[PDB]
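**Q** What follows is upload-v6.pdb; its format and atoms are PDB, C-alpha atoms.
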ATOM      1  CA  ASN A  20      62.548  84.682  82.635  1.00  0.00           C
ATOM      2  CA  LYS A  21      65.221  84.622  85.342  1.00  0.00           C
ATOM      3  CA  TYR A  22      64.319  83.343  88.799  1.00  0.00           C
ATOM      4  CA  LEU A  23      64.924  85.237  92.021  1.00  0.00           C
ATOM      5  CA  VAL A  24      65.080  82.258  94.379  1.00  0.00           C
ATOM      6  CA  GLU A  25      64.656  78.541  93.737  1.00  0.00           C
ATOM      7  CA  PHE A  26      64.928  75.417  95.800  1.00  0.00           C
ATOM      8  CA  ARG A  27      63.742  71.838  95.634  1.00  0.00           C
ATOM      9  CA  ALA A  28      60.594  71.269  97.640  1.00  0.00           C
ATOM     10  CA  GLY A  29      57.543  69.040  97.499  1.00  0.00           C
ATOM     11  CA  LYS A  30      53.924  69.660  98.385  1.00  0.00           C
ATOM     12  CA  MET A  31      51.619  68.456 101.136  1.00  0.00           C
ATOM     13  CA  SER A  32      47.887  68.318 101.818  1.00  0.00           C
ATOM     14  CA  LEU A  33      46.005  69.772 104.796  1.00  0.00           C
ATOM     15  CA  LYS A  34      43.083  67.460 105.554  1.00  0.00           C
ATOM     16  CA  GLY A  35      41.102  68.689 108.545  1.00  0.00           C
ATOM     17  CA  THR A  36      43.943  69.114 111.019  1.00  0.00           C
ATOM     18  CA  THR A  37      46.192  66.680 109.184  1.00  0.00           C
ATOM     19  CA  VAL A  38      48.913  67.711 106.729  1.00  0.00           C
ATOM     20  CA  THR A  39      49.590  64.949 104.273  1.00  0.00           C
ATOM     21  CA  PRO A  40      52.515  65.121 101.821  1.00  0.00           C
ATOM     22  CA  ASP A  41      53.028  64.690  98.085  1.00  0.00           C
ATOM     23  CA  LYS A  42      55.734  62.500  96.600  1.00  0.00           C
ATOM     24  CA  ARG A  43      56.828  64.362  93.476  1.00  0.00           C
ATOM     25  CA  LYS A  44      60.183  66.032  92.970  1.00  0.00           C
ATOM     26  CA  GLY A  45      58.978  69.630  92.854  1.00  0.00           C
ATOM     27  CA  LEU A  46      60.669  73.012  92.973  1.00  0.00           C
ATOM     28  CA  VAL A  47      59.651  76.281  94.643  1.00  0.00           C
ATOM     29  CA  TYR A  48      60.697  79.624  93.208  1.00  0.00           C
ATOM     30  CA  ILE A  49      59.892  83.306  92.868  1.00  0.00           C
ATOM     31  CA  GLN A  50      59.773  85.042  89.503  1.00  0.00           C
ATOM     32  CA  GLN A  51      59.224  88.667  88.525  1.00  0.00           C
ATOM     33  CA  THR A  52      57.190  89.198  85.371  1.00  0.00           C
ATOM     34  CA  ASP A  53      57.533  92.013  82.862  1.00  0.00           C
ATOM     35  CA  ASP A  54      54.772  93.979  84.570  1.00  0.00           C
ATOM     36  CA  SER A  55      56.821  93.703  87.816  1.00  0.00           C
ATOM     37  CA  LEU A  56      54.425  91.463  89.743  1.00  0.00           C
ATOM     38  CA  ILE A  57      55.971  88.934  92.126  1.00  0.00           C
ATOM     39  CA  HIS A  58      54.884  85.336  91.598  1.00  0.00           C
ATOM     40  CA  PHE A  59      55.340  82.479  94.044  1.00  0.00           C
ATOM     41  CA  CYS A  60      55.270  79.290  91.994  1.00  0.00           C
ATOM     42  CA  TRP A  61      55.869  75.541  92.344  1.00  0.00           C
ATOM     43  CA  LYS A  62      56.587  73.263  89.383  1.00  0.00           C
ATOM     44  CA  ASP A  63      57.055  69.539  88.819  1.00  0.00           C
ATOM     45  CA  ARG A  64      60.768  68.857  88.390  1.00  0.00           C
ATOM     46  CA  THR A  65      59.648  65.646  86.654  1.00  0.00           C
ATOM     47  CA  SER A  66      57.169  66.881  84.051  1.00  0.00           C
ATOM     48  CA  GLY A  67      58.206  70.511  84.407  1.00  0.00           C
ATOM     49  CA  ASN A  68      54.593  71.605  84.750  1.00  0.00           C
ATOM     50  CA  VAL A  69      54.036  74.684  86.890  1.00  0.00           C
ATOM     51  CA  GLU A  70      51.100  73.703  89.079  1.00  0.00           C
ATOM     52  CA  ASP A  71      51.128  76.841  91.226  1.00  0.00           C
ATOM     53  CA  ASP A  72      51.556  80.496  90.322  1.00  0.00           C
ATOM     54  CA  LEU A  73      50.352  83.113  92.810  1.00  0.00           C
ATOM     55  CA  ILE A  74      50.766  86.893  92.551  1.00  0.00           C
ATOM     56  CA  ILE A  75      51.922  88.063  95.987  1.00  0.00           C
ATOM     57  CA  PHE A  76      52.028  91.544  97.462  1.00  0.00           C
ATOM     58  CA  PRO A  77      53.698  92.751 100.652  1.00  0.00           C
ATOM     59  CA  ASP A  78      51.806  91.539 103.722  1.00  0.00           C
ATOM     60  CA  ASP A  79      49.961  88.838 101.787  1.00  0.00           C
ATOM     61  CA  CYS A  80      51.928  85.924 103.189  1.00  0.00           C
ATOM     62  CA  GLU A  81      54.528  84.471 105.507  1.00  0.00           C
ATOM     63  CA  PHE A  82      56.787  81.565 104.568  1.00  0.00           C
ATOM     64  CA  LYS A  83      57.545  79.727 107.771  1.00  0.00           C
ATOM     65  CA  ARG A  84      59.084  76.604 109.227  1.00  0.00           C
ATOM     66  CA  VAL A  85      56.540  74.112 110.578  1.00  0.00           C
ATOM     67  CA  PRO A  86      57.434  72.810 114.069  1.00  0.00           C
ATOM     68  CA  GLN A  87      54.973  69.891 114.151  1.00  0.00           C
ATOM     69  CA  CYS A  88      56.999  67.996 111.530  1.00  0.00           C
ATOM     70  CA  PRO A  89      60.116  66.327 112.986  1.00  0.00           C
ATOM     71  CA  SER A  90      60.648  63.815 110.123  1.00  0.00           C
ATOM     72  CA  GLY A  91      60.734  66.469 107.392  1.00  0.00           C
ATOM     73  CA  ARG A  92      61.696  70.064 106.753  1.00  0.00           C
ATOM     74  CA  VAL A  93      58.123  71.257 106.326  1.00  0.00           C
ATOM     75  CA  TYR A  94      57.422  74.922 105.525  1.00  0.00           C
ATOM     76  CA  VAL A  95      54.088  76.710 105.122  1.00  0.00           C
ATOM     77  CA  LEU A  96      53.206  79.630 102.856  1.00  0.00           C
ATOM     78  CA  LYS A  97      50.419  81.154 104.912  1.00  0.00           C
ATOM     79  CA  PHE A  98      47.983  83.965 104.201  1.00  0.00           C
ATOM     80  CA  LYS A  99      46.537  86.689 106.425  1.00  0.00           C
ATOM     81  CA  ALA A 100      43.519  86.833 104.094  1.00  0.00           C
ATOM     82  CA  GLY A 101      42.230  83.551 105.506  1.00  0.00           C
ATOM     83  CA  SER A 102      42.960  79.880 106.072  1.00  0.00           C
ATOM     84  CA  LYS A 103      44.955  79.416 102.853  1.00  0.00           C
ATOM     85  CA  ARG A 104      47.892  77.409 104.136  1.00  0.00           C
ATOM     86  CA  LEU A 105      50.285  75.941 101.579  1.00  0.00           C
ATOM     87  CA  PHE A 106      52.656  73.227 102.750  1.00  0.00           C
ATOM     88  CA  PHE A 107      56.046  72.259 101.329  1.00  0.00           C
ATOM     89  CA  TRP A 108      58.697  69.795 102.547  1.00  0.00           C
ATOM     90  CA  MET A 109      62.263  70.636 101.584  1.00  0.00           C
ATOM     91  CA  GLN A 110      63.707  68.211  99.036  1.00  0.00           C
ATOM     92  CA  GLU A 111      67.189  69.704  98.991  1.00  0.00           C
ATOM     93  CA  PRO A 112      69.979  67.229  99.845  1.00  0.00           C
ATOM     94  CA  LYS A 113      71.727  69.443 102.428  1.00  0.00           C
ATOM     95  CA  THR A 114      69.770  71.343 105.083  1.00  0.00           C
ATOM     96  CA  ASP A 115      72.499  74.025 105.110  1.00  0.00           C
ATOM     97  CA  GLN A 116      70.351  76.495 103.160  1.00  0.00           C
ATOM     98  CA  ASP A 117      66.806  75.723 104.391  1.00  0.00           C
ATOM     99  CA  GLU A 118      66.869  78.863 106.540  1.00  0.00           C
ATOM    100  CA  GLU A 119      68.422  81.163 103.936  1.00  0.00           C
ATOM    101  CA  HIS A 120      65.760  80.135 101.428  1.00  0.00           C
ATOM    102  CA  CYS A 121      63.038  80.752 103.988  1.00  0.00           C
ATOM    103  CA  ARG A 122      64.415  84.249 104.623  1.00  0.00           C
ATOM    104  CA  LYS A 123      64.823  85.172 100.970  1.00  0.00           C
ATOM    105  CA  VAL A 124      61.284  83.985 100.207  1.00  0.00           C
ATOM    106  CA  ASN A 125      59.792  86.280 102.854  1.00  0.00           C
ATOM    107  CA  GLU A 126      62.154  89.010 101.669  1.00  0.00           C
ATOM    108  CA  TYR A 127      61.084  89.011  98.013  1.00  0.00           C
ATOM    109  CA  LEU A 128      57.411  88.551  98.836  1.00  0.00           C
ATOM    110  CA  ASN A 129      57.374  91.480 101.251  1.00  0.00           C
ATOM    111  CA  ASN A 130      60.311  93.565  99.970  1.00  0.00           C
ATOM    112  CA  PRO A 131      60.034  93.419  96.129  1.00  0.00           C
TER     113      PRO A 131
ATOM    114  CA  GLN B 940      70.100  61.910  96.416  1.00  0.00           C
ATOM    115  CA  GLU B 941      66.861  63.213  97.853  1.00  0.00           C
ATOM    116  CA  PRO B 942      64.938  63.099 101.125  1.00  0.00           C
ATOM    117  CA  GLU B 943      61.983  60.845 101.776  1.00  0.00           C
ATOM    118  CA  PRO B 944      58.556  62.393 102.270  1.00  0.00           C
ATOM    119  CA  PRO B 945      57.506  63.440 105.760  1.00  0.00           C
ATOM    120  CA  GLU B 946      55.116  61.280 107.680  1.00  0.00           C
ATOM    121  CA  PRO B 947      51.653  62.863 107.945  1.00  0.00           C
ATOM    122  CA  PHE B 948      51.490  65.172 110.915  1.00  0.00           C
ATOM    123  CA  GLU B 949      48.700  67.030 112.635  1.00  0.00           C
ATOM    124  CA  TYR B 950      48.605  70.730 111.908  1.00  0.00           C
ATOM    125  CA  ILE B 951      48.124  73.007 114.902  1.00  0.00           C
TER     126      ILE B 951
ATOM    127  CA  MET C   1      28.652  93.030 102.442  1.00  0.00           C
ATOM    128  CA  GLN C   2      31.516  95.464 102.871  1.00  0.00           C
ATOM    129  CA  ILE C   3      34.847  94.955 101.098  1.00  0.00           C
ATOM    130  CA  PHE C   4      37.776  97.175 100.167  1.00  0.00           C
ATOM    131  CA  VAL C   5      39.889  97.585  97.033  1.00  0.00           C
ATOM    132  CA  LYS C   6      43.356  99.047  97.552  1.00  0.00           C
ATOM    133  CA  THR C   7      45.655 100.093  94.716  1.00  0.00           C
ATOM    134  CA  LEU C   8      49.445 100.096  94.797  1.00  0.00           C
ATOM    135  CA  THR C   9      49.688 103.898  94.969  1.00  0.00           C
ATOM    136  CA  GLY C  10      47.597 103.466  98.134  1.00  0.00           C
ATOM    137  CA  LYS C  11      44.167 104.772  97.135  1.00  0.00           C
ATOM    138  CA  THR C  12      41.464 102.808  98.929  1.00  0.00           C
ATOM    139  CA  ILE C  13      37.776 102.528  98.114  1.00  0.00           C
ATOM    140  CA  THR C  14      34.904 100.822  99.897  1.00  0.00           C
ATOM    141  CA  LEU C  15      32.344  98.725  98.020  1.00  0.00           C
ATOM    142  CA  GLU C  16      29.042  97.091  98.925  1.00  0.00           C
ATOM    143  CA  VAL C  17      28.729  93.698  97.273  1.00  0.00           C
ATOM    144  CA  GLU C  18      27.301  90.163  97.446  1.00  0.00           C
ATOM    145  CA  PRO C  19      29.243  86.886  97.214  1.00  0.00           C
ATOM    146  CA  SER C  20      27.109  86.106  94.166  1.00  0.00           C
ATOM    147  CA  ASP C  21      28.540  89.129  92.328  1.00  0.00           C
ATOM    148  CA  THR C  22      30.772  88.417  89.355  1.00  0.00           C
ATOM    149  CA  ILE C  23      34.253  89.921  89.017  1.00  0.00           C
ATOM    150  CA  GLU C  24      32.991  92.027  86.133  1.00  0.00           C
ATOM    151  CA  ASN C  25      30.166  93.259  88.368  1.00  0.00           C
ATOM    152  CA  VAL C  26      32.958  94.357  90.730  1.00  0.00           C
ATOM    153  CA  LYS C  27      35.030  96.118  88.097  1.00  0.00           C
ATOM    154  CA  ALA C  28      31.897  97.994  87.056  1.00  0.00           C
ATOM    155  CA  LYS C  29      31.474  99.240  90.629  1.00  0.00           C
ATOM    156  CA  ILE C  30      35.111 100.305  90.735  1.00  0.00           C
ATOM    157  CA  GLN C  31      34.674 102.158  87.436  1.00  0.00           C
ATOM    158  CA  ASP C  32      31.610 104.000  88.691  1.00  0.00           C
ATOM    159  CA  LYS C  33      33.812 105.202  91.570  1.00  0.00           C
ATOM    160  CA  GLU C  34      37.203 105.915  90.017  1.00  0.00           C
ATOM    161  CA  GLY C  35      36.482 106.103  86.296  1.00  0.00           C
ATOM    162  CA  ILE C  36      38.857 103.277  85.359  1.00  0.00           C
ATOM    163  CA  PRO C  37      37.803 101.038  82.446  1.00  0.00           C
ATOM    164  CA  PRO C  38      37.518  97.439  83.662  1.00  0.00           C
ATOM    165  CA  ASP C  39      39.715  96.311  80.773  1.00  0.00           C
ATOM    166  CA  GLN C  40      42.480  98.110  82.643  1.00  0.00           C
ATOM    167  CA  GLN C  41      41.601  96.540  85.999  1.00  0.00           C
ATOM    168  CA  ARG C  42      43.287  93.496  87.495  1.00  0.00           C
ATOM    169  CA  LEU C  43      41.948  92.260  90.823  1.00  0.00           C
ATOM    170  CA  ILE C  44      44.079  89.813  92.800  1.00  0.00           C
ATOM    171  CA  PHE C  45      43.181  88.116  96.087  1.00  0.00           C
ATOM    172  CA  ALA C  46      45.125  85.501  98.057  1.00  0.00           C
ATOM    173  CA  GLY C  47      47.518  85.234  95.166  1.00  0.00           C
ATOM    174  CA  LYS C  48      44.788  84.400  92.639  1.00  0.00           C
ATOM    175  CA  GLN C  49      43.859  86.773  89.839  1.00  0.00           C
ATOM    176  CA  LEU C  50      40.099  87.117  89.846  1.00  0.00           C
ATOM    177  CA  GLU C  51      38.700  86.191  86.448  1.00  0.00           C
ATOM    178  CA  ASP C  52      35.799  87.772  84.641  1.00  0.00           C
ATOM    179  CA  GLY C  53      32.856  85.376  84.802  1.00  0.00           C
ATOM    180  CA  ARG C  54      33.699  83.858  88.155  1.00  0.00           C
ATOM    181  CA  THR C  55      32.080  85.195  91.306  1.00  0.00           C
ATOM    182  CA  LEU C  56      33.411  86.443  94.629  1.00  0.00           C
ATOM    183  CA  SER C  57      32.363  83.219  96.343  1.00  0.00           C
ATOM    184  CA  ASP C  58      34.312  81.115  93.811  1.00  0.00           C
ATOM    185  CA  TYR C  59      37.346  82.634  95.551  1.00  0.00           C
ATOM    186  CA  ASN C  60      35.520  82.467  98.907  1.00  0.00           C
ATOM    187  CA  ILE C  61      36.022  86.179  99.481  1.00  0.00           C
ATOM    188  CA  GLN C  62      34.282  87.286 102.674  1.00  0.00           C
ATOM    189  CA  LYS C  63      33.203  90.522 104.326  1.00  0.00           C
ATOM    190  CA  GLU C  64      35.934  93.073 105.113  1.00  0.00           C
ATOM    191  CA  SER C  65      38.257  91.547 102.511  1.00  0.00           C
ATOM    192  CA  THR C  66      40.761  93.766 100.699  1.00  0.00           C
ATOM    193  CA  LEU C  67      41.198  93.099  96.987  1.00  0.00           C
ATOM    194  CA  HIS C  68      44.440  94.142  95.334  1.00  0.00           C
ATOM    195  CA  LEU C  69      43.640  96.395  92.346  1.00  0.00           C
ATOM    196  CA  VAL C  70      46.507  96.563  89.852  1.00  0.00           C
ATOM    197  CA  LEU C  71      46.241  98.607  86.655  1.00  0.00           C
ATOM    198  CA  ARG C  72      47.425  97.320  83.312  1.00  0.00           C
TER     199      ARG C  72
END
Using the file provided, produce a representation of the structure as structure tokens.

**A**
Amino acid sequence: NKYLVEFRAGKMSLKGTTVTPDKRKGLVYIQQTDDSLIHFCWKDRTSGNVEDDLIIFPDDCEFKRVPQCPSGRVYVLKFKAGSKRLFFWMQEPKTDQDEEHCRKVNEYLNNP
Amino acid sequence: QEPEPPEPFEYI
Amino acid sequence: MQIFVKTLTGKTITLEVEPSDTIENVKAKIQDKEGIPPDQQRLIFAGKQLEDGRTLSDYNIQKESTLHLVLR
């Protein structure tokens, strides 16, 4: 099932006010299934297990850069339905495409 | 190669 | 409490429910309103598909929430 956008990222944890990261080589991507729904998933590049698979409709989410993280390229998939924040730190070698991937995420989530 | 994890940061 | 179910074609309906209610108890309410067999109903919220047997609290769905109703 072809992907629509993919890029190496890892995960992080939001304890209280404190976003803590995860060490695994993960990957973020967006996939369209045969019934057309748009999924936002994250899978373990190591084991290959897909730990996250969310069906996303226009206006569900924003995928944004996180300013409070200087030491990493932290992005947050955030929901208007509540306090579901989902944190990811870019694991790509070159930062050249961080911002294109951020745009294309938002684009496919909200313009499918 | 591949970046190092970020240091924990407060979320605001 | 008051919640809304919106379909893709745009048709909205308003339901009165409890957080204790099970997803199947919600698809029954939708059927009574629109006539759609629950077997044809998919309800998605915050990117999670709501499963039969779990409740609305399990997904911590609160008053004035909009559930996505996709048909199969």

**Q** Near residue C:16, counting all atoms listed in the file, which residues have an atom at most 7 Å away, once you skip same-chain residues fewer than 3 positions from it, shown as JSON, numbers by chain?

**A** {"C": [1, 2, 3]}

**Q** What is the atom CA of residue A:125-atom CA of residue A:45 distance in Å, reported with one decimal?

**A**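 Straight-line distance from atom CA of residue A:125 to atom CA of residue A:45 works out to 19.4 Å.
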
**Q** If we count all atoms listed in the file and set the cut-off at 12 Å, which residues sit around residue B:946, ignoring sequence neighbours fewer than 3 positions away in its own chain? Please answer as an MDAnalysis selection string.

**A** (chainID A and resid 31:32 37:42 87:93 108) or (chainID B and resid 942:943 949)

**Q** Run the PyMOL selection byres ((chain A and resi 112-116) around 10) on the file and write out the hits as a PyMOL selection string.

**A** (chain A and resi 26-27+92+109-111+117-122) or (chain B and resi 940-942)

**Q** Quick one: which residues end up in the PyMOL selection byres ((chain A and resi 126) around 12) for this structure, as a PDB file with C-alpha atoms, keeping the file's coordinate frame?

**A**
ATOM      1  CA  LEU A  23      64.924  85.237  92.021  1.00  0.00           C
ATOM      2  CA  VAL A  24      65.080  82.258  94.379  1.00  0.00           C
ATOM      3  CA  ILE A  49      59.892  83.306  92.868  1.00  0.00           C
ATOM      4  CA  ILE A  57      55.971  88.934  92.126  1.00  0.00           C
ATOM      5  CA  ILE A  75      51.922  88.063  95.987  1.00  0.00           C
ATOM      6  CA  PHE A  76      52.028  91.544  97.462  1.00  0.00           C
ATOM      7  CA  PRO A  77      53.698  92.751 100.652  1.00  0.00           C
ATOM      8  CA  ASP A  78      51.806  91.539 103.722  1.00  0.00           C
ATOM      9  CA  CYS A  80      51.928  85.924 103.189  1.00  0.00           C
ATOM     10  CA  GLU A  81      54.528  84.471 105.507  1.00  0.00           C
ATOM     11  CA  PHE A  82      56.787  81.565 104.568  1.00  0.00           C
ATOM     12  CA  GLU A 119      68.422  81.163 103.936  1.00  0.00           C
ATOM     13  CA  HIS A 120      65.760  80.135 101.428  1.00  0.00           C
ATOM     14  CA  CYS A 121      63.038  80.752 103.988  1.00  0.00           C
ATOM     15  CA  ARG A 122      64.415  84.249 104.623  1.00  0.00           C
ATOM     16  CA  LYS A 123      64.823  85.172 100.970  1.00  0.00           C
ATOM     17  CA  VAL A 124      61.284  83.985 100.207  1.00  0.00           C
ATOM     18  CA  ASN A 125      59.792  86.280 102.854  1.00  0.00           C
ATOM     19  CA  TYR A 127      61.084  89.011  98.013  1.00  0.00           C
ATOM     20  CA  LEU A 128      57.411  88.551  98.836  1.00  0.00           C
ATOM     21  CA  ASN A 129      57.374  91.480 101.251  1.00  0.00           C
ATOM     22  CA  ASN A 130      60.311  93.565  99.970  1.00  0.00           C
ATOM     23  CA  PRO A 131      60.034  93.419  96.129  1.00  0.00           C
TER      24      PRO A 131
END

**Q** Please produce, as CSV, a per-residue contact table for chain C versus chain A (criterion: any atom at most 12 Å away, all atoms listed in the file considered), showing the nearest atom pair and its distance in Å to one decimal, sorted by chain then residue number.

**A**
residue,atom,partner,partner_atom,distance
C:6,CA,A:76,CA,11.5
C:7,CA,A:76,CA,11.0
C:8,CA,A:76,CA,9.3
C:42,CA,A:74,CA,11.2
C:43,CA,A:74,CA,10.5
C:44,CA,A:74,CA,7.3
C:45,CA,A:100,CA,8.1
C:46,CA,A:100,CA,6.4
C:47,CA,A:73,CA,4.3
C:48,CA,A:73,CA,5.7
C:49,CA,A:74,CA,7.4
C:50,CA,A:74,CA,11.0
C:59,CA,A:103,CA,11.0
C:60,CA,A:101,CA,9.5
C:61,CA,A:100,CA,8.8
C:62,CA,A:101,CA,9.2
C:63,CA,A:100,CA,11.0
C:64,CA,A:100,CA,9.9
C:65,CA,A:100,CA,7.2
C:66,CA,A:100,CA,8.2
C:67,CA,A:100,CA,9.8
C:68,CA,A:76,CA,8.3
C:69,CA,A:76,CA,11.0
C:70,CA,A:56,CA,9.4
C:71,CA,A:54,CA,9.9
C:72,CA,A:54,CA,8.2

**Q** If I take atom CA of residue A:47 and atom CA of residue C:54, how far is one from the other in Å, to one decimal?

**A**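 So the two atoms, atom CA of residue A:47 and atom CA of residue C:54, lie 27.8 Å apart.
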
**Q** Between atom CA of residue C:20 and atom CA of residue A:60, what is the distance in Å, rounded to a tenth?

**A**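 Computing the Euclidean distance for atom CA of residue C:20 and atom CA of residue A:60 yields 29.1 Å.
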
**Q** Just want the 9 Å neighbourhood of residue C:21, counted on all atoms listed in the file, with same-chain residues fewer than 3 positions away dropped. Output as a list in words.

**A**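 Those residues are residues 17, 18, 24, 25, 26, 54, 55, 56 and 57 of chain C.
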
**Q** As a PDB file, in the frame of the given file, could you write out stretch 74-94 of chain A once it has been completed with N, CA, C and O atoms?

**A**
ATOM      1  N   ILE A  74      50.261  85.522  92.526  1.00  0.00           N
ATOM      2  CA  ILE A  74      50.766  86.893  92.551  1.00  0.00           C
ATOM      3  C   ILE A  74      50.654  87.424  93.980  1.00  0.00           C
ATOM      4  O   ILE A  74      49.559  87.475  94.553  1.00  0.00           O
ATOM      5  N   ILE A  75      51.793  87.819  94.557  1.00  0.00           N
ATOM      6  CA  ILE A  75      51.922  88.063  95.987  1.00  0.00           C
ATOM      7  C   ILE A  75      52.399  89.487  96.204  1.00  0.00           C
ATOM      8  O   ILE A  75      53.374  89.928  95.582  1.00  0.00           O
ATOM      9  N   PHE A  76      51.719  90.188  97.091  1.00  0.00           N
ATOM     10  CA  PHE A  76      52.028  91.544  97.462  1.00  0.00           C
ATOM     11  C   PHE A  76      52.518  91.596  98.890  1.00  0.00           C
ATOM     12  O   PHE A  76      52.236  90.695  99.680  1.00  0.00           O
ATOM     13  N   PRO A  77      53.269  92.629  99.262  1.00  0.00           N
ATOM     14  CA  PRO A  77      53.698  92.751 100.652  1.00  0.00           C
ATOM     15  C   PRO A  77      52.525  92.603 101.606  1.00  0.00           C
ATOM     16  O   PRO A  77      51.438  93.138 101.386  1.00  0.00           O
ATOM     17  N   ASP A  78      52.751  91.825 102.657  1.00  0.00           N
ATOM     18  CA  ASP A  78      51.806  91.539 103.722  1.00  0.00           C
ATOM     19  C   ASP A  78      50.772  90.507 103.309  1.00  0.00           C
ATOM     20  O   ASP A  78      49.869  90.223 104.094  1.00  0.00           O
ATOM     21  N   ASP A  79      50.873  89.922 102.123  1.00  0.00           N
ATOM     22  CA  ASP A  79      49.961  88.838 101.787  1.00  0.00           C
ATOM     23  C   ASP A  79      50.251  87.604 102.615  1.00  0.00           C
ATOM     24  O   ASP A  79      49.329  86.973 103.140  1.00  0.00           O
ATOM     25  N   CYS A  80      51.527  87.252 102.751  1.00  0.00           N
ATOM     26  CA  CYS A  80      51.928  85.924 103.189  1.00  0.00           C
ATOM     27  C   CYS A  80      53.100  85.974 104.157  1.00  0.00           C
ATOM     28  O   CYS A  80      53.791  86.985 104.298  1.00  0.00           O
ATOM     29  N   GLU A  81      53.302  84.842 104.820  1.00  0.00           N
ATOM     30  CA  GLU A  81      54.528  84.471 105.507  1.00  0.00           C
ATOM     31  C   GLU A  81      54.948  83.100 105.003  1.00  0.00           C
ATOM     32  O   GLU A  81      54.101  82.237 104.771  1.00  0.00           O
ATOM     33  N   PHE A  82      56.242  82.891 104.846  1.00  0.00           N
ATOM     34  CA  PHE A  82      56.787  81.565 104.568  1.00  0.00           C
ATOM     35  C   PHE A  82      57.546  81.106 105.798  1.00  0.00           C
ATOM     36  O   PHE A  82      58.583  81.678 106.137  1.00  0.00           O
ATOM     37  N   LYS A  83      57.044  80.075 106.457  1.00  0.00           N
ATOM     38  CA  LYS A  83      57.545  79.727 107.771  1.00  0.00           C
ATOM     39  C   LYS A  83      57.883  78.250 107.879  1.00  0.00           C
ATOM     40  O   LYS A  83      57.341  77.411 107.160  1.00  0.00           O
ATOM     41  N   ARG A  84      58.800  77.962 108.801  1.00  0.00           N
ATOM     42  CA  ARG A  84      59.084  76.604 109.227  1.00  0.00           C
ATOM     43  C   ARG A  84      57.925  76.069 110.057  1.00  0.00           C
ATOM     44  O   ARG A  84      57.282  76.809 110.804  1.00  0.00           O
ATOM     45  N   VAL A  85      57.645  74.781 109.905  1.00  0.00           N
ATOM     46  CA  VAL A  85      56.540  74.112 110.578  1.00  0.00           C
ATOM     47  C   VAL A  85      57.120  73.257 111.701  1.00  0.00           C
ATOM     48  O   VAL A  85      57.820  72.270 111.427  1.00  0.00           O
ATOM     49  N   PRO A  86      56.827  73.567 112.966  1.00  0.00           N
ATOM     50  CA  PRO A  86      57.434  72.810 114.069  1.00  0.00           C
ATOM     51  C   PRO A  86      56.862  71.415 114.260  1.00  0.00           C
ATOM     52  O   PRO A  86      57.579  70.534 114.747  1.00  0.00           O
ATOM     53  N   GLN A  87      55.599  71.183 113.906  1.00  0.00           N
ATOM     54  CA  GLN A  87      54.973  69.891 114.151  1.00  0.00           C
ATOM     55  C   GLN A  87      55.556  68.768 113.307  1.00  0.00           C
ATOM     56  O   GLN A  87      55.207  67.610 113.539  1.00  0.00           O
ATOM     57  N   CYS A  88      56.414  69.061 112.340  1.00  0.00           N
ATOM     58  CA  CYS A  88      56.999  67.996 111.530  1.00  0.00           C
ATOM     59  C   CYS A  88      58.446  67.727 111.936  1.00  0.00           C
ATOM     60  O   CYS A  88      59.358  68.475 111.542  1.00  0.00           O
ATOM     61  N   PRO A  89      58.714  66.674 112.718  1.00  0.00           N
ATOM     62  CA  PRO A  89      60.116  66.327 112.986  1.00  0.00           C
ATOM     63  C   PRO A  89      60.808  65.631 111.822  1.00  0.00           C
ATOM     64  O   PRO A  89      61.965  65.953 111.514  1.00  0.00           O
ATOM     65  N   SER A  90      60.113  64.689 111.165  1.00  0.00           N
ATOM     66  CA  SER A  90      60.648  63.815 110.123  1.00  0.00           C
ATOM     67  C   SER A  90      60.937  64.511 108.802  1.00  0.00           C
ATOM     68  O   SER A  90      61.622  63.916 107.959  1.00  0.00           O
ATOM     69  N   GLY A  91      60.454  65.739 108.603  1.00  0.00           N
ATOM     70  CA  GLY A  91      60.734  66.469 107.392  1.00  0.00           C
ATOM     71  C   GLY A  91      61.052  67.922 107.700  1.00  0.00           C
ATOM     72  O   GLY A  91      60.905  68.388 108.824  1.00  0.00           O
ATOM     73  N   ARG A  92      61.499  68.618 106.668  1.00  0.00           N
ATOM     74  CA  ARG A  92      61.696  70.064 106.753  1.00  0.00           C
ATOM     75  C   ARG A  92      60.512  70.784 106.098  1.00  0.00           C
ATOM     76  O   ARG A  92      60.604  71.378 105.021  1.00  0.00           O
ATOM     77  N   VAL A  93      59.399  70.765 106.823  1.00  0.00           N
ATOM     78  CA  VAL A  93      58.123  71.257 106.326  1.00  0.00           C
ATOM     79  C   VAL A  93      58.023  72.755 106.558  1.00  0.00           C
ATOM     80  O   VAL A  93      58.250  73.236 107.673  1.00  0.00           O
ATOM     81  N   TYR A  94      57.653  73.488 105.507  1.00  0.00           N
ATOM     82  CA  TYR A  94      57.422  74.922 105.525  1.00  0.00           C
ATOM     83  C   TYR A  94      56.022  75.219 105.014  1.00  0.00           C
ATOM     84  O   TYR A  94      55.463  74.449 104.232  1.00  0.00           O
TER      85      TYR A  94
END
